[PDB]
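Residue-level structure breakdown
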Amino acid sequence: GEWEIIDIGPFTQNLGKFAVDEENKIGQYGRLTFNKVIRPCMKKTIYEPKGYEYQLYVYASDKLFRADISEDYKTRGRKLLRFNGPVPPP
């Protein structure tokens, strides 16, 4: 469907790593150390253009953040859209 809760296994954990790595290039929160992605994790399907958006809760340097990631359907390239926090536990 258009909105879907997905698993928090390695694929999702690696999305969270990507978000923290990208956030370290902006440096808003200093040098963040990736800890863990936790539930819930949301996958939005984009039909035009084909692609996905992922909304994650990711612990980094033992703080909780919300990160939004785009992934292109055809090339699978990723972008960090949004990285906010600390946020309350879901």
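Residues numbered from 1 in each chain as written, not as in the entry; some residues may be left out. Heavy atoms only, no water.

This deposited entry lists X-ray crystallography as its structure determination method and 2.3000 Å as its resolution.

1. Concerning the nonpolar core
Counting 17 residues, the largest nonpolar core has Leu-56, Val-58, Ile-69 and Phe-83 as the members making the most contacts within it. Elements with a minimum of two residues in this core: α1 (10–26), β2 (34–47), β3 (50–60), β4 (63–72) and β5 (78–84). Setting aside its immediate chain neighbours within four residues, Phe-83 contacts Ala-19, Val-20, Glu-23, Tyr-29, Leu-32, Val-58, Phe-65, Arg-66 and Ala-67. (Core = buried A, V, L, I, M, F, W, Y, C linked by side-chain atoms within 4.5 Å. Buried < 20%, exposed > 50% of the residue type's maximum accessible area, 1.4 Å probe, protein only. Helix = DSSP H or I, 4+ residues; strand = E, 2+ residues; numbered from the N terminus. Contact = heavy atoms within 4.5 Å.)

2. Focus on the pairing of β5
When β4 meets β5, the two strands line up antiparallel, connected through six bridges. Paired with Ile-69 across the bridge in β5 is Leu-80. The loop that links β4 with its antiparallel partner β5 comprises five residues; one of these, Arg-76, has a positive phi angle of about 65 degrees. (Pairing = 2+ DSSP bridges.)

3. Let's talk about the packing of aromatic side chains
Taken as a whole and assessed by the stated rule, the structure comprises six aromatic pairs. Here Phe-65 and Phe-83 contribute two aromatic rings whose centre-to-centre distance is 4.9 Å and whose plane-to-plane angle is 35 degrees, an arrangement assigned as tilted. In this pair, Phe-65 sits in strand β4 while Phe-83 sits in strand β5, placing the two residues 18 residues apart along the sequence. For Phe-83, a relative accessible area of 9% corresponds to the buried category. An aromatic cluster is present here, built from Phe-11, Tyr-52, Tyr-54 and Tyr-73 joined pairwise through their rings. Sitting above the plane of the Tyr-52 ring, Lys-43 keeps its charged end 4.1 Å from the centroid. In this arrangement the basic side chain of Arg-78 is found over the ring face of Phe-11, its NZ or CZ atom lying 5.3 Å from the centre. (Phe/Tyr/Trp six-rings, centres within 6.5 Å; stacked < 30°, edge-to-face > 60°. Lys NZ or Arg CZ within 6 Å of the ring centre and 35° of its normal.)

4. Overview of the sheet that holds β3
What the five strands build is an open sheet, ordered β1-β2-β3-β4-β5; its pairing is antiparallel. Two strands close off the open sheet at either side, each with one partner strand: β1 (3–5) and β5. Taking the axes of each pair of neighbouring strands and ignoring which way they run, one obtains an average angle of 20 degrees across the sheet. Its contacts with the sheet put α1 on β2, β3, β4 and β5, and the angle it makes with β5 is roughly 75 degrees. (Axes fitted to C-alpha atoms, helices over the stretch in contact; angles between N-to-C directions.)

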